[PDB]
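Notes follow the structure.
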Amino acid sequence: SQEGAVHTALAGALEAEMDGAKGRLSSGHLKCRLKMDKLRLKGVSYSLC
Amino acid sequence: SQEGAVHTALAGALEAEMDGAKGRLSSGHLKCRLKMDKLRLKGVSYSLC
Amino acid sequence: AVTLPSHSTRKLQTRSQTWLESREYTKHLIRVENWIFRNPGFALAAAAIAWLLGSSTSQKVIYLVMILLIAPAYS
Amino acid sequence: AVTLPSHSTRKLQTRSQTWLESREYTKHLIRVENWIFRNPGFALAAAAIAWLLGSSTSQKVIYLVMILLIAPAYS
């Protein structure tokens with residue numbers, strides 16, 4: 001049945017979980033450049049409370 | 001299920017086959033001394049054919 | 001079958017922990033320690049073979065250690 | 001578990017074949033050859049490390065072989 005020799009052969013392999021036909025992984029890296037030139041401050045022009 | 005892992009771990013162990021409570025081995029060895037002092041010859045004292 | 005290459009060779013490096021991360025170091029140490037504890041005389045044999053090889057002391061010690069690691073795995 | 005000591009250490013010797021007899025030699029050779037084929041650069045790394053160790057040539061070749069054997073098993 002070989003199903004425990006593979007569980008030990010898998011080591012350093014990441015787990016995942018599948019919903020429907022899609023596979024959700026929870027370990028990775030994205031690289032985004034954040035353009036904050038249209039971010040404002042909503043609070044300006046308010047009066048001190 | 002850890003079973004194929006044990007099957008490959010058991011390399012160099014002898015097979016055996018059990019019928020009923022008794023289990024027969026198919027490899028081994030024994031040492032007997034043969035007392036051939038009551039062995040006769042059935043044939044001598046027969047005339048030739 | 002029998003070989004079944006280990007995946008730790010191609011370990012996926014991330015923030016999250018991998019499949020069996022708690023067991024690797026203790027795994028190899030336990031294999032070596034168990035084999036050496038079962039067969040002590042090979043310590044003497046390996047010490048002799050290391051002494052006959054290598055000029056300096058450091059080379060002989062390294063030979064001894066590499067023999068004592070390459071024997072339990074029959075690598 | 002992960003360790004599972006091999007029984008080929010205590011191989012029972014008899015006239016008849018043992019449990020998995022036909023597979024031992026190919027087992028170890030296949031493991032070593034597969035690891036070396038997937039990771040070729042470590043041949044160069046081990047050659048360098050063996051050259052920096054050991055005075056004579058035969059000591060260096062023995063260091064090379066013992067490293068190239070002790071790596072695929074991570075023993």
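Starting from 1 in every chain, residues are counted up; chains themselves are A, B, ... following the order of the structure tokens, and ligands are numbered from 1 as listed.
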### Query
What are the residues of chain C that have an atom within 8 Å of an atom of chain A, counting only C-alpha atoms, as number ranges by chain?
C: 1, 4-21
Please dump the current selection as a compact mmCIF listing (two decimals), in the first residue's frame; keep N, CA and C atoms.
```
# COMPACT_ATOMS: atom_id res chain seq x y z
N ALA C 1 8.27 1.75 -4.83
CA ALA C 1 9.03 0.56 -4.46
C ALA C 1 10.00 0.86 -3.34
N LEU C 4 12.32 5.44 -3.83
CA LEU C 4 11.44 6.54 -3.42
C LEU C 4 12.22 7.77 -2.98
N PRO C 5 12.77 8.54 -3.91
CA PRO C 5 13.67 9.64 -3.53
C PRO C 5 13.00 10.64 -2.60
N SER C 6 13.76 11.09 -1.61
CA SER C 6 13.23 12.05 -0.65
C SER C 6 13.06 13.41 -1.31
N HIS C 7 12.04 14.14 -0.87
CA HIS C 7 11.75 15.46 -1.41
C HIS C 7 12.54 16.56 -0.74
N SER C 8 13.17 16.29 0.41
CA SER C 8 13.95 17.32 1.09
C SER C 8 15.09 17.84 0.22
N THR C 9 15.48 17.09 -0.81
CA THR C 9 16.45 17.60 -1.77
C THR C 9 15.94 18.87 -2.44
N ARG C 10 14.69 18.87 -2.88
CA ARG C 10 14.08 19.99 -3.58
C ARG C 10 13.15 20.78 -2.68
N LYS C 11 13.54 20.97 -1.42
CA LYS C 11 12.68 21.60 -0.43
C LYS C 11 12.17 22.95 -0.90
N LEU C 12 10.86 23.13 -0.82
CA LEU C 12 10.22 24.38 -1.21
C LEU C 12 10.37 25.38 -0.07
N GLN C 13 11.06 26.48 -0.34
CA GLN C 13 11.41 27.44 0.70
C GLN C 13 10.40 28.58 0.70
N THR C 14 9.71 28.75 1.82
CA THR C 14 8.66 29.75 1.97
C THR C 14 8.60 30.15 3.44
N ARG C 15 7.70 31.08 3.76
CA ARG C 15 7.45 31.42 5.15
C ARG C 15 6.78 30.26 5.89
N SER C 16 5.83 29.60 5.24
CA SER C 16 5.07 28.54 5.88
C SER C 16 5.89 27.27 6.00
N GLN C 17 5.57 26.46 7.01
CA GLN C 17 6.30 25.22 7.23
C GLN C 17 5.92 24.17 6.20
N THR C 18 6.87 23.29 5.91
CA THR C 18 6.69 22.26 4.90
C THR C 18 5.97 21.06 5.51
N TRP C 19 5.94 19.94 4.77
CA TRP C 19 5.09 18.82 5.16
C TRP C 19 5.52 18.23 6.49
N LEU C 20 6.73 17.68 6.55
CA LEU C 20 7.26 17.11 7.79
C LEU C 20 8.54 17.85 8.10
N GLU C 21 8.42 18.99 8.77
CA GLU C 21 9.58 19.80 9.08
C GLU C 21 10.17 19.49 10.44
```
### Message
Need the shell around region 26-37 of chain C: protein/DNA/RNA residues with any atom at most 8 Å away, counting only C-alpha atoms. Skip same-chain ones fewer than 4 positions apart. Format as a PyMOL selection string?
### Response
(chain C and resi 42-43+68-69+72-73) or (chain D and resi 2-3+5+74-75)
Requested write-out: N, CA, C and O atoms of the selected residues, as a PDB file, in the first residue's frame:
```pdb
ATOM      1  N   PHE C  42      32.042  -2.171  14.728  1.00  0.00           N
ATOM      2  CA  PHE C  42      32.429  -1.419  13.549  1.00  0.00           C
ATOM      3  C   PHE C  42      33.056  -0.087  13.912  1.00  0.00           C
ATOM      4  O   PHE C  42      33.764   0.486  13.087  1.00  0.00           O
ATOM      5  N   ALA C  43      32.832   0.419  15.124  1.00  0.00           N
ATOM      6  CA  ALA C  43      33.591   1.585  15.564  1.00  0.00           C
ATOM      7  C   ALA C  43      35.082   1.282  15.574  1.00  0.00           C
ATOM      8  O   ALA C  43      35.887   2.078  15.078  1.00  0.00           O
ATOM      9  N   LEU C  68      31.889   6.333   9.553  1.00  0.00           N
ATOM     10  CA  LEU C  68      30.798   6.118  10.496  1.00  0.00           C
ATOM     11  C   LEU C  68      29.486   6.723  10.023  1.00  0.00           C
ATOM     12  O   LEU C  68      28.440   6.410  10.596  1.00  0.00           O
ATOM     13  N   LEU C  69      29.518   7.619   9.041  1.00  0.00           N
ATOM     14  CA  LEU C  69      28.277   8.098   8.442  1.00  0.00           C
ATOM     15  C   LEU C  69      27.870   7.295   7.213  1.00  0.00           C
ATOM     16  O   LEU C  69      26.678   7.111   6.966  1.00  0.00           O
ATOM     17  N   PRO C  72      26.098   3.377   8.238  1.00  0.00           N
ATOM     18  CA  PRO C  72      24.689   3.161   8.602  1.00  0.00           C
ATOM     19  C   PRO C  72      23.739   3.268   7.429  1.00  0.00           C
ATOM     20  O   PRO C  72      22.718   2.572   7.405  1.00  0.00           O
ATOM     21  N   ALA C  73      24.036   4.123   6.457  1.00  0.00           N
ATOM     22  CA  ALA C  73      23.166   4.275   5.304  1.00  0.00           C
ATOM     23  C   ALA C  73      23.440   3.254   4.215  1.00  0.00           C
ATOM     24  O   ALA C  73      22.616   3.118   3.308  1.00  0.00           O
TER      25      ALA C  73
ATOM     26  N   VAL D   2       9.489   7.687  10.208  1.00  0.00           N
ATOM     27  CA  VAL D   2      10.374   8.107   9.133  1.00  0.00           C
ATOM     28  C   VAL D   2      11.653   7.275   9.087  1.00  0.00           C
ATOM     29  O   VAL D   2      12.233   7.097   8.011  1.00  0.00           O
ATOM     30  N   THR D   3      12.107   6.752  10.227  1.00  0.00           N
ATOM     31  CA  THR D   3      13.396   6.061  10.255  1.00  0.00           C
ATOM     32  C   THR D   3      13.273   4.624   9.754  1.00  0.00           C
ATOM     33  O   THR D   3      13.828   4.274   8.709  1.00  0.00           O
ATOM     34  N   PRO D   5      14.248   1.163  10.746  1.00  0.00           N
ATOM     35  CA  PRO D   5      15.538   0.516  10.499  1.00  0.00           C
ATOM     36  C   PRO D   5      15.420  -0.640   9.522  1.00  0.00           C
ATOM     37  O   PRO D   5      14.496  -1.447   9.599  1.00  0.00           O
ATOM     38  N   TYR D  74      22.440  11.823   2.498  1.00  0.00           N
ATOM     39  CA  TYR D  74      22.427  12.813   3.577  1.00  0.00           C
ATOM     40  C   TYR D  74      22.684  12.155   4.921  1.00  0.00           C
ATOM     41  O   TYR D  74      22.184  12.605   5.951  1.00  0.00           O
ATOM     42  N   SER D  75      23.478  11.090   4.914  1.00  0.00           N
ATOM     43  CA  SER D  75      23.555  10.171   6.037  1.00  0.00           C
ATOM     44  C   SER D  75      24.054  10.814   7.303  1.00  0.00           C
ATOM     45  O   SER D  75      24.412  11.982   7.322  1.00  0.00           O
TER      46      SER D  75
END
```
### Query
Excluding same-chain residues fewer than 5 positions from residue 50 (chain D), what lies within 12 Å of it counting only C-alpha atoms, as a VMD selection string?
(chain C and resid 59 62 to 63) or (chain D and resid 42 to 45 55 to 68)
Suppose we keep N, CA and C atoms; can you now write the selection as a PDB file, in the first residue's frame?
```pdb
ATOM      1  N   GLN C  59      42.991  14.447   8.881  1.00  0.00           N
ATOM      2  CA  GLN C  59      42.517  13.599   7.794  1.00  0.00           C
ATOM      3  C   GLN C  59      42.028  12.258   8.318  1.00  0.00           C
ATOM      4  N   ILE C  62      38.614  12.841   9.981  1.00  0.00           N
ATOM      5  CA  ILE C  62      37.584  13.035   8.968  1.00  0.00           C
ATOM      6  C   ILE C  62      37.247  11.716   8.283  1.00  0.00           C
ATOM      7  N   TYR C  63      38.254  10.882   8.014  1.00  0.00           N
ATOM      8  CA  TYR C  63      37.983   9.562   7.450  1.00  0.00           C
ATOM      9  C   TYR C  63      37.134   8.726   8.392  1.00  0.00           C
TER      10      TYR C  63
ATOM     11  N   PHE D  42      27.230  19.379  -7.781  1.00  0.00           N
ATOM     12  CA  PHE D  42      27.883  18.893  -6.582  1.00  0.00           C
ATOM     13  C   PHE D  42      29.038  17.963  -6.901  1.00  0.00           C
ATOM     14  N   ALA D  43      29.099  17.403  -8.108  1.00  0.00           N
ATOM     15  CA  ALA D  43      30.312  16.700  -8.506  1.00  0.00           C
ATOM     16  C   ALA D  43      31.510  17.638  -8.454  1.00  0.00           C
ATOM     17  N   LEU D  44      31.359  18.841  -9.010  1.00  0.00           N
ATOM     18  CA  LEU D  44      32.430  19.830  -8.964  1.00  0.00           C
ATOM     19  C   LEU D  44      32.716  20.270  -7.536  1.00  0.00           C
ATOM     20  N   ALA D  45      31.665  20.503  -6.747  1.00  0.00           N
ATOM     21  CA  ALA D  45      31.882  20.907  -5.361  1.00  0.00           C
ATOM     22  C   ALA D  45      32.653  19.843  -4.587  1.00  0.00           C
ATOM     23  N   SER D  55      46.718  14.500   1.354  1.00  0.00           N
ATOM     24  CA  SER D  55      47.990  14.801   0.709  1.00  0.00           C
ATOM     25  C   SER D  55      48.116  14.093  -0.635  1.00  0.00           C
ATOM     26  N   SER D  56      48.091  12.765  -0.627  1.00  0.00           N
ATOM     27  CA  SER D  56      48.348  12.004  -1.839  1.00  0.00           C
ATOM     28  C   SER D  56      47.130  12.007  -2.754  1.00  0.00           C
ATOM     29  N   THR D  57      47.313  11.462  -3.956  1.00  0.00           N
ATOM     30  CA  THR D  57      46.223  11.416  -4.926  1.00  0.00           C
ATOM     31  C   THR D  57      45.153  10.413  -4.516  1.00  0.00           C
ATOM     32  N   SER D  58      45.565   9.230  -4.058  1.00  0.00           N
ATOM     33  CA  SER D  58      44.587   8.208  -3.707  1.00  0.00           C
ATOM     34  C   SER D  58      43.728   8.643  -2.531  1.00  0.00           C
ATOM     35  N   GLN D  59      44.315   9.344  -1.562  1.00  0.00           N
ATOM     36  CA  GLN D  59      43.511   9.890  -0.475  1.00  0.00           C
ATOM     37  C   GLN D  59      42.474  10.870  -1.002  1.00  0.00           C
ATOM     38  N   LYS D  60      42.843  11.671  -1.998  1.00  0.00           N
ATOM     39  CA  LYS D  60      41.897  12.637  -2.539  1.00  0.00           C
ATOM     40  C   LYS D  60      40.783  11.948  -3.314  1.00  0.00           C
ATOM     41  N   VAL D  61      41.104  10.891  -4.059  1.00  0.00           N
ATOM     42  CA  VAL D  61      40.057  10.176  -4.786  1.00  0.00           C
ATOM     43  C   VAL D  61      39.132   9.447  -3.818  1.00  0.00           C
ATOM     44  N   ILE D  62      39.684   8.911  -2.732  1.00  0.00           N
ATOM     45  CA  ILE D  62      38.843   8.263  -1.733  1.00  0.00           C
ATOM     46  C   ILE D  62      37.940   9.282  -1.051  1.00  0.00           C
ATOM     47  N   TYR D  63      38.465  10.474  -0.750  1.00  0.00           N
ATOM     48  CA  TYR D  63      37.617  11.535  -0.213  1.00  0.00           C
ATOM     49  C   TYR D  63      36.513  11.904  -1.192  1.00  0.00           C
ATOM     50  N   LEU D  64      36.848  12.000  -2.478  1.00  0.00           N
ATOM     51  CA  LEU D  64      35.845  12.317  -3.487  1.00  0.00           C
ATOM     52  C   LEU D  64      34.731  11.284  -3.492  1.00  0.00           C
ATOM     53  N   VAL D  65      35.093  10.003  -3.516  1.00  0.00           N
ATOM     54  CA  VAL D  65      34.080   8.954  -3.579  1.00  0.00           C
ATOM     55  C   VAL D  65      33.248   8.928  -2.304  1.00  0.00           C
ATOM     56  N   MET D  66      33.886   9.092  -1.148  1.00  0.00           N
ATOM     57  CA  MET D  66      33.131   9.030   0.095  1.00  0.00           C
ATOM     58  C   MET D  66      32.201  10.225   0.254  1.00  0.00           C
ATOM     59  N   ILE D  67      32.583  11.402  -0.243  1.00  0.00           N
ATOM     60  CA  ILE D  67      31.661  12.537  -0.233  1.00  0.00           C
ATOM     61  C   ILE D  67      30.516  12.299  -1.209  1.00  0.00           C
ATOM     62  N   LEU D  68      30.840  11.837  -2.418  1.00  0.00           N
ATOM     63  CA  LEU D  68      29.825  11.581  -3.430  1.00  0.00           C
ATOM     64  C   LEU D  68      28.890  10.448  -3.039  1.00  0.00           C
TER      65      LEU D  68
END
```
### Task
To one decimal in Å, tell me the separation between CA of residue 48 (chain A) and CA of residue 36 (chain A).
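Separation between CA of residue 48 (chain A) and CA of residue 36 (chain A): 26.4 Å.
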Take chain A, lay it over chain B with a least-squares fit on all the Cα atoms in order, then hand it over as an mmCIF file with N, CA, C and O atoms, in the first residue's frame.
```cif
data_model
loop_
_atom_site.group_PDB
_atom_site.id
_atom_site.type_symbol
_atom_site.label_atom_id
_atom_site.label_comp_id
_atom_site.auth_asym_id
_atom_site.auth_seq_id
_atom_site.Cartn_x
_atom_site.Cartn_y
_atom_site.Cartn_z
ATOM 1 N N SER A 1 -1.004 4.609 5.706
ATOM 2 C CA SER A 1 -1.131 3.161 5.661
ATOM 3 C C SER A 1 0.178 2.382 5.747
ATOM 4 O O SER A 1 0.118 1.170 5.923
ATOM 5 N N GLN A 2 1.348 2.996 5.600
ATOM 6 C CA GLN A 2 2.585 2.455 6.168
ATOM 7 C C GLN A 2 2.898 1.007 5.801
ATOM 8 O O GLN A 2 3.838 0.428 6.345
ATOM 9 N N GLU A 3 2.106 0.390 4.927
ATOM 10 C CA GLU A 3 2.231 -1.029 4.627
ATOM 11 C C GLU A 3 3.212 -1.297 3.506
ATOM 12 O O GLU A 3 3.428 -2.452 3.141
ATOM 13 N N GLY A 4 3.834 -0.263 2.971
ATOM 14 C CA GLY A 4 4.775 -0.444 1.891
ATOM 15 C C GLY A 4 6.123 0.026 2.359
ATOM 16 O O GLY A 4 7.154 -0.354 1.806
ATOM 17 N N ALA A 5 6.115 0.875 3.380
ATOM 18 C CA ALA A 5 7.355 1.208 4.056
ATOM 19 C C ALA A 5 7.860 0.034 4.874
ATOM 20 O O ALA A 5 9.069 -0.121 5.052
ATOM 21 N N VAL A 6 6.955 -0.811 5.368
ATOM 22 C CA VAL A 6 7.379 -1.988 6.115
ATOM 23 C C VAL A 6 7.816 -3.098 5.168
ATOM 24 O O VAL A 6 8.769 -3.828 5.455
ATOM 25 N N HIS A 7 7.135 -3.256 4.033
ATOM 26 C CA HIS A 7 7.594 -4.229 3.046
ATOM 27 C C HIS A 7 9.008 -3.933 2.571
ATOM 28 O O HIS A 7 9.737 -4.854 2.193
ATOM 29 N N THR A 8 9.410 -2.661 2.555
ATOM 30 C CA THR A 8 10.789 -2.339 2.208
ATOM 31 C C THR A 8 11.702 -2.342 3.423
ATOM 32 O O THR A 8 12.904 -2.567 3.279
ATOM 33 N N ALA A 9 11.169 -2.083 4.616
ATOM 34 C CA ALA A 9 11.979 -2.248 5.815
ATOM 35 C C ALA A 9 12.341 -3.707 6.016
ATOM 36 O O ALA A 9 13.449 -4.026 6.451
ATOM 37 N N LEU A 10 11.416 -4.606 5.709
ATOM 38 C CA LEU A 10 11.709 -6.032 5.672
ATOM 39 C C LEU A 10 12.556 -6.326 4.446
ATOM 40 O O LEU A 10 12.072 -6.252 3.316
ATOM 41 N N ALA A 11 13.826 -6.630 4.653
ATOM 42 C CA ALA A 11 14.693 -7.036 3.561
ATOM 43 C C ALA A 11 15.848 -7.785 4.193
ATOM 44 O O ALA A 11 16.474 -7.281 5.125
ATOM 45 N N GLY A 12 16.118 -8.981 3.702
ATOM 46 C CA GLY A 12 16.914 -9.889 4.485
ATOM 47 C C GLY A 12 16.135 -10.630 5.541
ATOM 48 O O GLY A 12 16.738 -11.332 6.356
ATOM 49 N N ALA A 13 14.815 -10.495 5.557
ATOM 50 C CA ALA A 13 13.961 -11.282 6.427
ATOM 51 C C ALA A 13 13.339 -12.405 5.619
ATOM 52 O O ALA A 13 12.968 -12.216 4.461
ATOM 53 N N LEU A 14 13.228 -13.573 6.231
ATOM 54 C CA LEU A 14 12.759 -14.757 5.533
ATOM 55 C C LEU A 14 11.245 -14.811 5.571
ATOM 56 O O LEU A 14 10.628 -14.414 6.553
ATOM 57 N N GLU A 15 10.644 -15.276 4.489
ATOM 58 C CA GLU A 15 9.207 -15.463 4.515
ATOM 59 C C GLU A 15 8.857 -16.803 5.148
ATOM 60 O O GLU A 15 9.699 -17.689 5.294
ATOM 61 N N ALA A 16 7.593 -16.946 5.520
ATOM 62 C CA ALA A 16 7.093 -18.180 6.097
ATOM 63 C C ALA A 16 5.650 -18.332 5.656
ATOM 64 O O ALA A 16 5.116 -17.488 4.934
ATOM 65 N N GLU A 17 5.013 -19.417 6.073
ATOM 66 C CA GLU A 17 3.596 -19.560 5.787
ATOM 67 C C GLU A 17 2.944 -20.342 6.907
ATOM 68 O O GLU A 17 3.511 -21.312 7.397
ATOM 69 N N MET A 18 1.753 -19.928 7.306
ATOM 70 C CA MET A 18 1.103 -20.475 8.486
ATOM 71 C C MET A 18 -0.051 -21.365 8.061
ATOM 72 O O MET A 18 -0.871 -20.969 7.227
ATOM 73 N N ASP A 19 -0.100 -22.568 8.624
ATOM 74 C CA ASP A 19 -1.255 -23.450 8.514
ATOM 75 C C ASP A 19 -1.871 -23.587 9.900
ATOM 76 O O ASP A 19 -1.202 -24.021 10.845
ATOM 77 N N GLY A 20 -3.134 -23.195 10.020
ATOM 78 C CA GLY A 20 -3.753 -23.155 11.331
ATOM 79 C C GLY A 20 -2.968 -22.253 12.257
ATOM 80 O O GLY A 20 -2.613 -21.123 11.909
ATOM 81 N N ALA A 21 -2.690 -22.752 13.455
ATOM 82 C CA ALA A 21 -1.898 -22.013 14.425
ATOM 83 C C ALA A 21 -0.408 -22.303 14.325
ATOM 84 O O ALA A 21 0.358 -21.779 15.139
ATOM 85 N N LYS A 22 0.024 -23.118 13.366
ATOM 86 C CA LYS A 22 1.422 -23.505 13.251
ATOM 87 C C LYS A 22 2.072 -22.775 12.088
ATOM 88 O O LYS A 22 1.444 -22.562 11.050
ATOM 89 N N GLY A 23 3.329 -22.392 12.264
ATOM 90 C CA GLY A 23 4.026 -21.664 11.225
ATOM 91 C C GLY A 23 5.110 -22.482 10.563
ATOM 92 O O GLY A 23 6.094 -22.838 11.210
ATOM 93 N N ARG A 24 4.930 -22.813 9.290
ATOM 94 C CA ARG A 24 5.911 -23.565 8.528
ATOM 95 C C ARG A 24 6.956 -22.613 7.966
ATOM 96 O O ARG A 24 6.632 -21.711 7.181
ATOM 97 N N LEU A 25 8.199 -22.814 8.387
ATOM 98 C CA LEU A 25 9.367 -22.194 7.796
ATOM 99 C C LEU A 25 10.052 -23.203 6.893
ATOM 100 O O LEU A 25 10.074 -24.408 7.184
ATOM 101 N N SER A 26 10.619 -22.694 5.801
ATOM 102 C CA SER A 26 11.277 -23.504 4.787
ATOM 103 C C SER A 26 12.739 -23.122 4.596
ATOM 104 O O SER A 26 13.272 -23.280 3.495
ATOM 105 N N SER A 27 13.394 -22.598 5.630
ATOM 106 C CA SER A 27 14.811 -22.261 5.556
ATOM 107 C C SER A 27 15.434 -22.422 6.933
ATOM 108 O O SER A 27 15.064 -21.705 7.865
ATOM 109 N N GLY A 28 16.362 -23.357 7.061
ATOM 110 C CA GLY A 28 17.049 -23.563 8.315
ATOM 111 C C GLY A 28 18.179 -24.556 8.197
ATOM 112 O O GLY A 28 18.671 -24.841 7.106
ATOM 113 N N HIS A 29 18.586 -25.090 9.348
ATOM 114 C CA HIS A 29 19.643 -26.093 9.432
ATOM 115 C C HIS A 29 19.280 -27.054 10.548
ATOM 116 O O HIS A 29 18.885 -26.619 11.631
ATOM 117 N N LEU A 30 19.398 -28.347 10.289
ATOM 118 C CA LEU A 30 19.451 -29.351 11.338
ATOM 119 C C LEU A 30 20.844 -29.960 11.353
ATOM 120 O O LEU A 30 21.568 -29.892 10.363
ATOM 121 N N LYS A 31 21.227 -30.550 12.478
ATOM 122 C CA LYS A 31 22.489 -31.273 12.570
ATOM 123 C C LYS A 31 22.214 -32.644 13.161
ATOM 124 O O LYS A 31 21.950 -32.759 14.361
ATOM 125 N N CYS A 32 22.276 -33.681 12.332
ATOM 126 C CA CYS A 32 22.012 -35.042 12.766
ATOM 127 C C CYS A 32 23.275 -35.876 12.645
ATOM 128 O O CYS A 32 24.016 -35.757 11.669
ATOM 129 N N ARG A 33 23.518 -36.714 13.641
ATOM 130 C CA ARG A 33 24.481 -37.793 13.522
ATOM 131 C C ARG A 33 23.751 -39.040 13.047
ATOM 132 O O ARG A 33 22.772 -39.463 13.668
ATOM 133 N N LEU A 34 24.232 -39.624 11.958
ATOM 134 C CA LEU A 34 23.592 -40.745 11.284
ATOM 135 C C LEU A 34 24.317 -42.008 11.724
ATOM 136 O O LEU A 34 25.466 -42.242 11.336
ATOM 137 N N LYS A 35 23.655 -42.791 12.569
ATOM 138 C CA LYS A 35 24.167 -44.077 13.029
ATOM 139 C C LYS A 35 23.648 -45.142 12.080
ATOM 140 O O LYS A 35 22.492 -45.570 12.174
ATOM 141 N N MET A 36 24.475 -45.502 11.110
ATOM 142 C CA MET A 36 24.198 -46.605 10.212
ATOM 143 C C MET A 36 25.022 -47.814 10.634
ATOM 144 O O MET A 36 26.006 -48.178 9.994
ATOM 145 N N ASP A 37 24.606 -48.445 11.729
ATOM 146 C CA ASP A 37 25.179 -49.716 12.143
ATOM 147 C C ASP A 37 24.137 -50.817 12.203
ATOM 148 O O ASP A 37 24.489 -51.969 12.479
ATOM 149 N N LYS A 38 22.870 -50.495 11.954
ATOM 150 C CA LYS A 38 21.821 -51.487 11.783
ATOM 151 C C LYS A 38 21.277 -51.488 10.363
ATOM 152 O O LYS A 38 20.238 -52.096 10.103
ATOM 153 N N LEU A 39 21.964 -50.822 9.440
ATOM 154 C CA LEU A 39 21.613 -50.871 8.030
ATOM 155 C C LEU A 39 22.224 -52.121 7.419
ATOM 156 O O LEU A 39 23.421 -52.373 7.575
ATOM 157 N N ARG A 40 21.407 -52.896 6.730
ATOM 158 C CA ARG A 40 21.851 -54.112 6.078
ATOM 159 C C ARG A 40 21.803 -53.911 4.573
ATOM 160 O O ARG A 40 21.434 -52.848 4.077
ATOM 161 N N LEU A 41 22.165 -54.954 3.841
ATOM 162 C CA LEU A 41 22.002 -54.986 2.394
ATOM 163 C C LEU A 41 20.972 -56.059 2.083
ATOM 164 O O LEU A 41 21.247 -57.254 2.236
ATOM 165 N N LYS A 42 19.782 -55.631 1.665
ATOM 166 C CA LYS A 42 18.709 -56.575 1.381
ATOM 167 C C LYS A 42 19.084 -57.534 0.261
ATOM 168 O O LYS A 42 18.585 -58.664 0.215
ATOM 169 N N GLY A 43 19.974 -57.114 -0.636
ATOM 170 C CA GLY A 43 20.234 -57.879 -1.839
ATOM 171 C C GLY A 43 21.152 -59.067 -1.676
ATOM 172 O O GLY A 43 21.162 -59.941 -2.548
ATOM 173 N N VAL A 44 21.940 -59.120 -0.601
ATOM 174 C CA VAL A 44 22.894 -60.209 -0.454
ATOM 175 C C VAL A 44 22.151 -61.538 -0.394
ATOM 176 O O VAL A 44 20.993 -61.611 0.038
ATOM 177 N N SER A 45 22.820 -62.595 -0.855
ATOM 178 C CA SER A 45 22.323 -63.966 -0.953
ATOM 179 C C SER A 45 21.344 -64.134 -2.105
ATOM 180 O O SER A 45 20.713 -65.193 -2.210
ATOM 181 N N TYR A 46 21.187 -63.136 -2.965
ATOM 182 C CA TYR A 46 20.395 -63.284 -4.174
ATOM 183 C C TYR A 46 21.266 -63.833 -5.293
ATOM 184 O O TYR A 46 22.489 -63.683 -5.284
ATOM 185 N N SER A 47 20.627 -64.479 -6.258
ATOM 186 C CA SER A 47 21.340 -65.016 -7.405
ATOM 187 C C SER A 47 21.308 -64.014 -8.550
ATOM 188 O O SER A 47 20.296 -63.345 -8.774
ATOM 189 N N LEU A 48 22.425 -63.912 -9.268
ATOM 190 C CA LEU A 48 22.499 -63.015 -10.413
ATOM 191 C C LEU A 48 21.400 -63.340 -11.409
ATOM 192 O O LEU A 48 21.118 -64.507 -11.690
ATOM 193 N N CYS A 49 20.768 -62.299 -11.935
ATOM 194 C CA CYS A 49 19.702 -62.480 -12.906
ATOM 195 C C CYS A 49 20.265 -62.506 -14.316
ATOM 196 O O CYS A 49 20.976 -61.585 -14.726
#
```
### Query
Tell me, which residues of chain B carry DSSP strand (DSSP E or B), written as a list in words?
residues 16, 17, 18, 19, 22, 23, 24 and 25 of chain B
